[PDB]
Amino acid sequence: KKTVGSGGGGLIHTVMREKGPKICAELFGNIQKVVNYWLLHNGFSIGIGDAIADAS
Amino acid sequence: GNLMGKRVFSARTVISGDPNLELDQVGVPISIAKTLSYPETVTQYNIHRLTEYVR
Amino acid sequence: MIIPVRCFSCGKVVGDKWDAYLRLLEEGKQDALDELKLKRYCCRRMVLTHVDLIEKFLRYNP
Amino acid sequence: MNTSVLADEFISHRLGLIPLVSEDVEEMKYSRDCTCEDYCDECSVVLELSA
Amino acid sequence: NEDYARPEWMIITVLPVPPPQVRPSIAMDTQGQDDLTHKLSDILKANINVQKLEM
Amino acid sequence: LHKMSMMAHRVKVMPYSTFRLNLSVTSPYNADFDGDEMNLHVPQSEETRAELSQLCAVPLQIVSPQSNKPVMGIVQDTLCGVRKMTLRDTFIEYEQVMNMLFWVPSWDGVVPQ
Amino acid sequence: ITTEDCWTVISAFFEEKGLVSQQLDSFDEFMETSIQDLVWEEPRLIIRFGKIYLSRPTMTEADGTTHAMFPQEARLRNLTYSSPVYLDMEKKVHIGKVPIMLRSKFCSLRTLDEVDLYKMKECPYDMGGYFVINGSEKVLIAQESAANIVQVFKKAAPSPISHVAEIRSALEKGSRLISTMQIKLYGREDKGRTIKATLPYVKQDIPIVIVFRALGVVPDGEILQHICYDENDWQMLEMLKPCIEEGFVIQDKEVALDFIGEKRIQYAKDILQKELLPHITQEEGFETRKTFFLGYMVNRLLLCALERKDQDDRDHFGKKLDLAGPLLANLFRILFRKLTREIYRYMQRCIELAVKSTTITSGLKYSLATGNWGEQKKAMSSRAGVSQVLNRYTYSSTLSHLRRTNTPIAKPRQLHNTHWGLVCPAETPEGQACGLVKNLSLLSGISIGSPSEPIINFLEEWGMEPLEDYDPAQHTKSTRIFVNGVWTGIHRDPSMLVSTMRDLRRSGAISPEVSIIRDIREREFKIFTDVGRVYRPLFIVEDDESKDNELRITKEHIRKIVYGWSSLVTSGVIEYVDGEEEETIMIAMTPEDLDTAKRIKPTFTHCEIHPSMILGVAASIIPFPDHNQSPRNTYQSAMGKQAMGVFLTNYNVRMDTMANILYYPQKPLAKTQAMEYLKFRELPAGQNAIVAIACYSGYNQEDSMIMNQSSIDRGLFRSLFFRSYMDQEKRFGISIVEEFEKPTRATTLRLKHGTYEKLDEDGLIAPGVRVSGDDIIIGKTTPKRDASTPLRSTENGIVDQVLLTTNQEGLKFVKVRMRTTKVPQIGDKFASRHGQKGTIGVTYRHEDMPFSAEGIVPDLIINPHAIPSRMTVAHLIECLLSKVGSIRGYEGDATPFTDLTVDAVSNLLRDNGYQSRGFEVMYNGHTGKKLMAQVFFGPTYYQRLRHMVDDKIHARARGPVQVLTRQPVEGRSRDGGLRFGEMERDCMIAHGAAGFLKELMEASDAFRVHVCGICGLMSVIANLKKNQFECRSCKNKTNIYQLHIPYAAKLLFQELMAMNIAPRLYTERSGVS
Amino acid sequence: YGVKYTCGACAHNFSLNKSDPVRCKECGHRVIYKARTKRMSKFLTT
Amino acid sequence: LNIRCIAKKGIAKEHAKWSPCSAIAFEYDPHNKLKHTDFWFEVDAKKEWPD
Ligand SMILES: [Zn+2]
Ligand SMILES: [Zn+2]
Ligand SMILES: [Zn+2]
Ligand SMILES: [Zn+2]
């Protein structure tokens, strides 16, 4: 979130300013396409198990 | 009610995001595209394509 | 509302198995599923959750 | 004709799922390739049902 | 303003009757008359009787 | 309630009965997919269009004047995962490092050492 | 008696009362009794009335006798399920048709059994409770501040008044005046503090002293006699002092009744015997009584202005529901009374039959039909809402609808404490009206209306020394007693008066419905017979154990359950506690009781049947509602009324517009013990989907879910959709009838666009026909102009059942029903029972799908992201539990506060073979390589909410234009166009998108008007051809301009003109700048 | 061969036309459905 | 109830009513040696995760 969010220092905020509307707008799709794809294979989930505290 | 804002070549349906669409795109259901038109004057650059689209 | 041919989830047939099941209960007083050959829960839930409305519908006249 | 409490296409569905034989399924043709308008013995199997 | 609006005209002598596109009628293929196309007639009638009491 | 509650998009005719929008352009309209609906308007003059693409294009909107910072980032899956993929512990082998480079359209066509 | 026992008791409850007790119970009360008392009061005319007859359903149609009518017919034929009314009039007589309440008493259904019903085509499962006016099923909605009670309010720093006490009064039976009593208290908490009160019809206010002397008490201290009951309370008395001085100027009953302005003095009396605290009685020789009240009042005032009693709690539910039965009452009167003074005119013309029994038939219909109680006429000053269109989306939808409450309009919307037990905390609409609409718990019931005297008597003969003769000092701490808001004397030692009435109710000699509250802490006795008091049932504790320390009920009573719920009450084992009486009891939660897993748990008079009974229909279907963020439960509380299933079984013989049936239902893998009374297991709202909470294609993102196409094909979540277009053949007293044929040409043209060919010559289609696009479904004509019906443009399907029929007016009635199977599509909405709503983003198949070694693959893939902030965890639990119940065949209980834990279920799941937490290994459907992670894969119930895309998708480009405006038309159904309202304007303006915005014109209005170059108006007579332009009156033909403005605006102007204002339009600036 | 209208209960093939009343060959109950079509309906197995 | 069915070739792509498969088990390297997975756990993966 800190490095790629709708934040100030935002790598996005910077790529927009440094490269332009266009270049940065494309930047999303890419960072996306790579990651989303990767996640598709690495998987990820959540279940009651994520909400239980240590025995003690 | 009628002047500062009126109902207006428009369409509306349900959204669902698509992770394979350039940031600025917006997938439109064929159905809709086949309903909304666009007045393009005939010009010797697009006559050929238009006469096709028309047929 | 009748029995569902083949399980949604995996696909294995399950139309025939209705009467076998609803029977192994009334009489043999029984697990039923397991012997009927319904292993993994996908098909399991299929039978064990069917509420046969057709019966009541059938109670109507013409 | 159909006086069952189930609707037409509900039963229609049902039969779509009923498992048919498919041993020599390979020596039959896809209705799409068969030169017969609609269907025939050379690419289909017709069935009856009366109740 | 002596030209566009003189104090007196705040009182009406002759009433401006607006036309159809204003108070359209909606027939059922049967009557069907707009709201205003009534309080115009209610007024009209309240005018008739008045005069027929002054003559 | 935003300058961004309305933005010009590139049209992509697709099948199935629904407007398919990108995730990162989610928070501007502030939509989700639990049934939410969207209105679409179609320019009609040659300039009308231009006026729509030269000032209302989604790309021009990335940096919001109200809070002098962008207003569209990487949400959910893409964010969550981009994190994992970054850790020193995250490693990928050739077979995949390739299918990954392929997905980047601008890829120079050169696998990094 | 353990916990698992209390269930049989509850079973015992519904076996006898049934989900809709309230509605019916309250109806019979109007028919049986009430209805009589109403016709017999201010009847007799200068001709009297006696007993009235109420027959069963009938149909008086010309061309037939009087057919004994039945529900399922009136339904199809759009009639009225009402019967006749006769009255033994004195010098037998017919007076109106009363709409009966289905499943009531005069409704034949009340008796017929299982098999009996199946023959009337009426679905057994239909619990009824609704009316059937002109076809559609109408449900009367409960309308929630009780009357005849004392209230004290503090009035803001800015006000000449300090505190004030009020009491709204109205005759429980007889006219019913709505005039309230104001016992003010001027002088803020400082200035040198009088007490004045307001009376009906009196211009100004009167200082209490006078009100007393004018009453019948002339000396001081005899006045203080009534107000204060303790000569040693100088404070209060002090307060009164200044007041006495106020009236010191009027020293007797003569002057007393005077200052109230021979002619005037007489009127004074009136406003005291018929207006002043009119309840109690408006007789005559009771002056005394009212005086003790006005004394008990002036007391209550001060009791607060001296910080001894708080300001009255405005929202203490106990002091607030006019059900169906009552409504007809106040309604009937309004009617019968116009009949009364109608019958007065026939008698005032006969210088020597007449009773138009249509005002009571048609009057009743109007209301019940629309929802406007108060008459019709130039009286819209009524309330719309009362009586609606009974829901039929799902079974749990209908139940809910009947158990609903209203409340005419930041504090009321709150969930008060008093709400415990009587109303469901979760089920209540979002936005708009939220909290103004409450639903009843399962156990709640409403009072009905008992009689006072059999208890007034039963009292003044067991210690109640009547008020009439009272002496404040001889009887100091005399516990005063009230009856339905009236003061019927005090009582000496009450401790017993109390535990005698309470023993009287338990044997059943003073209706279990009456309320008796003893407030020792104030010395008073509350008596309530009232109609509209919500009450719940509880086990009685009584330390009645000469063998220990205990619930009167025992495990012998239980297993004994000719032993209904009527006996559980006729033995003093259970009591009906209204909200008021509740105040003075102590309720124990778990009967029994009162591990490092379960939730940590922290004089008794009663115990709770079961805590999971504080819930109403809605939540009752929610698994582990005690594990989710409350605001979520509140949502599911709404979506349930929007899922699919089976709303009745007779559905196949129902001609209702819209109705959906889920192809294959499925009782849930996890359930509430309560569901058992919600017939839910036999009428499910969904199916058990093989869920899989994980990330994948990234199409299950932002509440959009992935659904396994493959199983969507095997029929998962498919549903039938019905519809019924209907028409009639109108006539005129002047023999001119319409027609049902297959019209073409024939001098008129008035026809449609579509085809009529699928129309047999009877002007109808056959039930086999596959109709679509717009195809004319029906053919009608008007002598040849067309009145034929077209299948809605967005729709299509197949005809499913056509039917011809008579009308009361012997007209040709014909309804048509069309069927369609609706398949789940990449957009349709779904949701579980946890506010976990989401729509389809895409659909993959088995291969593409991720999977587990076993083979098992998900039907649904929702995103792990919809869990962290939603907090709905029970969702996570239902899955686990249900993954066991799946494997074990045993029903998995999810029911509220029980003894089942996450640690427990997890152990049960380890006995079967899979991870103790659910998670399973999965191999990515595209590559087969394992997933670096594990997934929460497990069967969860999912309701297929209505709202499928293809019923919303709409697009327009220049369609039907409006008439007045000339702008597009509204709504997607009439081909309308989306509005570009203000806010959309704004934005474009922010963008500096000048032209596009201007393009309000091109995409909507626009219009060419012709202005005058002189009087800037739209006068110009522009005959567009011969160019002739003109504008006489301004006599021009030379200087004229044409302009382009939004017709809405052209109209703005024509409008302004007809209002005499002149919007001149000028084409050139002259004022400069 | 041939059928026009049926009755909601005593499903007995009737058949009428204008003015011939709208009842049944017995049961007064004036309902009546308009029996299926002759032209066969064709379905898909999905 | 009178019908008349017509059967045809086709595959699971076209419709599920075709594929003759219906559930298929698949596993490999039961002992995570290839480390194509990262076991979830509270204390001990091995004991908490079925062999
Ligand atoms: Zn299966
Ligand atoms: Zn062939
Ligand atoms: Zn002029
Ligand atoms: Zn008949």
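Hey, among the residues in the range D:32-51 that are more than 13 Å from chain H (Cβ to nearest Cβ) and surrounded by 15 or more Cβ atoms within 10 Å (Cβ to Cβ), which one's farthest from ligand 1 (Cβ to nearest atom)?
Ranking the qualifying residues of the range D:32-51, first place goes to D:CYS34.
Output the number of residues of the range G:1047-1069 satisfying the condition of being at the interface with chain E (Cβ under 8 Å from one of its Cβ atoms) and surrounded by fewer than 14 Cβ atoms within 10 Å (Cβ to Cβ). Let's see the steps before the verdict.
Let us first name the residues in the range G:1047-1069 that are at the interface with chain E (Cβ under 8 Å from one of its Cβ atoms), namely G:1051, G:1054-1055, G:1057-1058, G:1060, G:1062, G:1064.
Restricting the remaining residues to those that are surrounded by fewer than 14 Cβ atoms within 10 Å (Cβ to Cβ) gives G:1060, G:1064.
Number of matching residues: 2.
Can we say D:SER31 is within 16 Å of ligand 2 (Cβ to nearest atom) and not in a helix (DSSP H, G or I)? Let's see the steps before the verdict.
On the way: within 16 Å of ligand 2 (Cβ to nearest atom): yes; not in a helix (DSSP H, G or I): yes.
Against the criterion (within 16 Å of ligand 2 (Cβ to nearest atom) and not in a helix (DSSP H, G or I)), D:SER31 qualifies.
Which one is surrounded by the fewest Cβ atoms within 10 Å (Cβ to Cβ), of the residues in the range G:1-55 that are outside any helix (DSSP H, G or I) and of a type in the set (A, V, I, L, M)?
Step one: filter the range G:1-55 for residues outside any helix (DSSP H, G or I), giving G:1-2, G:17-20, G:40-55.
Going one step further and asking which of them are of a type in the set (A, V, I, L, M), we end up with G:1, G:19-20, G:45-47, G:52, G:54.
Numbers: G:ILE1: 19, G:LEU19: 20, G:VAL20: 19, G:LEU45: 12, G:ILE46: 6, G:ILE47: 12, G:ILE52: 17, G:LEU54: 16.
Only one residue tops the list, namely G:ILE46.
Hey, can you tell me all the residues within the range G:779-800 that are part of a strand (DSSP E or B), within 38 Å of the chain's Cα centre (by Cα) and not β-branched (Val, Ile, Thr)?
Once the filter is applied, which keeps residues that are part of a strand (DSSP E or B), within 38 Å of the chain's Cα centre (by Cα) and not β-branched (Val, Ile, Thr), the range G:779-800 yields G:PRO790, G:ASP800.
Select from the range I:28-51 the residues that are in a loop (DSSP other than H, G, I, E, B), within 13 Å of G:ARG917 (Cα to Cα) and more than 8 Å from chain G (Cβ to nearest Cβ) and list them in ascending order.
Residues satisfying the conditions are I:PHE41, I:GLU42.
G:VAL816 - would you say it is β-branched (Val, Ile, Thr), surrounded by fewer than 23 Cβ atoms within 10 Å (Cβ to Cβ) and either under 30 Å from G:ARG750 (Cα atoms) or within 14 Å of chain I (Cβ to nearest Cβ) (or both)?
For G:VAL816, the condition - β-branched (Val, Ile, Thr), surrounded by fewer than 23 Cβ atoms within 10 Å (Cβ to Cβ) and either under 30 Å from G:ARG750 (Cα atoms) or within 14 Å of chain I (Cβ to nearest Cβ) (or both) - is not met.
I'd like to check which strands (runs of 3 or more DSSP E) are fully inside the range G:122-225 and have at least 2 residues that are β-branched (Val, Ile, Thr).
Because the criterion is at least 2 residues that are β-branched (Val, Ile, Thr), the strands (runs of 3 or more DSSP E) in the range G:122-225 that meet it are G:149-154, G:161-169, G:179-186.
Look through the range G:501-531, keep the residues that are among the aliphatic types (A, V, I, L, M) and assigned to a helix (DSSP H, G or I), and return whichever of them is farthest from G:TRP462 (Cα to Cα).
Across the range G:501-531, the extreme among qualifying residues is G:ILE520.
If A:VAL35 satisfies every condition in (1) surrounded by fewer than 22 Cβ atoms within 10 Å (Cβ to Cβ); (2) within 11 Å of chain G (Cβ to nearest Cβ) but one, which is the exception?
All conditions pass for A:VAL35, except number (1).
So, D:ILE18, is that one more than 7 Å from every other protein chain (Cβ to nearest Cβ), hydrophobic (A, V, I, L, M, F, W, C) and within 28 Å of G:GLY797 (Cα to Cα) or not?
no
Regarding the range C:47-59, can at least one residue be identified that is away from ligand 2 (no atom under 16 Å from the Cβ), aromatic (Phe, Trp, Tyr) and more than 8 Å from every other protein chain (Cβ to nearest Cβ)? So that I can check it myself, show each step before the final result.
In the first step, residues of the range C:47-59 are kept if they are away from ligand 2 (no atom under 16 Å from the Cβ); the result is C:47-59.
Right, trim to aromatic (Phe, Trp, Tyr) and you get C:57.
So of that shortlist, the ones also more than 8 Å from every other protein chain (Cβ to nearest Cβ) come out as none.
Checking the range C:47-59: not a single residue is away from ligand 2 (no atom under 16 Å from the Cβ), aromatic (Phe, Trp, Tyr) and more than 8 Å from every other protein chain (Cβ to nearest Cβ).
Filter the range C:32-43 down to residues that are closer than 11 Å to C:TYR21 by Cβ and surrounded by 22 or more Cβ atoms within 10 Å (Cβ to Cβ) and give me whichever is nearest to ligand 2 (Cβ to nearest atom).
C:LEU38
Would you be able to tell me the number of residues in the range B:1-53 that are within 9 Å of chain F (Cβ to nearest Cβ) and part of a helix (DSSP H, G or I)?
So the answer is 4.
Just to check your reading of the model, which residue among G:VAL1020, G:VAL1009 is farther than 24 Å from B:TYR38 by Cβ, buried (at least 16 other Cβ atoms within 10 Å of the Cβ) and in contact with a helix residue (DSSP H, G or I) (Cβ under 6 Å, 6 or more places away or on another chain)?
Just a single option satisfies the conditions, and that option is G:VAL1009.
Rundown of residues vs (1) of a type outside the set (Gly, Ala, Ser); (2) under 43 Å from the mean Cα position of the chain (by Cα); (3) under 21 Å from G:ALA268 (Cβ atoms), yes/no style:
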{"residue": "G:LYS191", "(1), (2), (3)": "yes, no, no"}
{"residue": "G:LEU199", "(1), (2), (3)": "yes, yes, yes"}
{"residue": "G:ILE208", "(1), (2), (3)": "yes, yes, yes"}
{"residue": "G:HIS226", "(1), (2), (3)": "yes, no, yes"}
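What pairs come up if the first residue lies in the range C:1-27 and is on the phi > 0 side of the Ramachandran plot, the second is more than 16 Å from ligand 4 (Cβ to nearest atom) and among the basic types (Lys, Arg), and their beta carbons are under 9 Å apart, counting only those six or more places apart or on different chains?
Close Cβ pairs (under 9 Å, with a partner that is more than 16 Å from ligand 4 (Cβ to nearest atom) and among the basic types (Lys, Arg)) amount to C:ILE2/D:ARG14; C:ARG6/C:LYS12; C:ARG6/G:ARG714; C:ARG6/I:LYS17; C:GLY11/G:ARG714.
From the residues in the range H:15-40 that are farther than 21 Å from G:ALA68 by Cβ and buried (at least 16 other Cβ atoms within 10 Å of the Cβ), which one is nearest to ligand 3 (Cβ to nearest atom)?
It comes out as H:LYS34.
Taking the range F:22-66, which residues are over 23 Å from F:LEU79 (Cα atoms), of a type in the set (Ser, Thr, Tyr) and in a loop (DSSP other than H, G, I, E, B)?
F:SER45
Of all residues in the range F:1-21, which are more than 7 Å from chain B (Cβ to nearest Cβ) and in a loop (DSSP other than H, G, I, E, B)?
Scanning the range F:1-21 gives F:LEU1, F:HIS2, F:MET6, F:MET7.
If you check C:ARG44 against the conditions, is it touching a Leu at 6+ places or on another chain (Cβ under 6 Å) and within 14 Å of chain I (Cβ to nearest Cβ)?
Values: touching a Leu at 6+ places or on another chain (Cβ under 6 Å): yes; within 14 Å of chain I (Cβ to nearest Cβ): yes.
It is true that C:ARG44 is touching a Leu at 6+ places or on another chain (Cβ under 6 Å) and within 14 Å of chain I (Cβ to nearest Cβ).
For B:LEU50, state whether it is closer than 14 Å to F:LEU40 by Cα and within 17 Å of the chain's Cα centre (by Cα). It would help to see each step written out before you state the result.
Working: closer than 14 Å to F:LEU40 by Cα: no; within 17 Å of the chain's Cα centre (by Cα): yes.
Judged against the criteria, B:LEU50 is not a match.
Which of the residues belonging to the range G:845-865 are within 9 Å of another protein chain (Cβ to nearest Cβ) and either within 37 Å of the chain's Cα centre (by Cα) or under 20 Å from G:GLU702 (Cβ atoms) (or both)?
Hits for the range G:845-865 are G:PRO850, G:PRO858, G:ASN863, G:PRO864, G:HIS865.
Exactly one of these conditions fails for G:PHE482: (1) within 30 Å of G:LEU224 (Cα to Cα); (2) out of contact with any strand residue (DSSP E or B) (no Cβ under 7 Å at 6 or more places or on another chain); (3) aromatic (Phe, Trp, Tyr). Give me its number.
(2)
Taking the range G:819-844 as the search range and keeping residues that are of a type in the set (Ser, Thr, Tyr) and within 7 Å of another protein chain (Cβ to nearest Cβ), which one is nearest to the chain's Cα centre (by Cα)?
Per the criteria, the residue is G:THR839.
Just one of the numbered conditions (1) more than 14 Å from chain C (Cβ to nearest Cβ); (2) surrounded by 21 or more Cβ atoms within 10 Å (Cβ to Cβ); (3) under 21 Å from G:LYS829 (Cα atoms) is not true of G:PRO743; which one?
(3)
Given G:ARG1008, G:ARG979, G:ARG956, G:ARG1032, which one is within 16 Å of ligand 3 (Cβ to nearest atom) and of a type in the set (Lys, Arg)?
After ruling out the rest, the residue left standing is G:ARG1032.
For C:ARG23, state whether it is away from ligand 4 (no atom under 16 Å from the Cβ), among the charged types (D, E, K, R) and surrounded by 14 or more Cβ atoms within 10 Å (Cβ to Cβ).
Judged against the criteria, C:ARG23 is not a match.
Considering only residues that are at the interface with chain G (Cβ under 10 Å from one of its Cβ atoms) and in a loop (DSSP other than H, G, I, E, B), which ones fall in the range E:31-50?
Correct list: E:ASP34, E:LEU40.
Any read-out appearing in this document is the output of simple, stated calculations on the displayed coordinates, not a laboratory observation. Note that we place each Cβ from the backbone using ideal geometry, even for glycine, and neighbour counts take in every protein chain shown.
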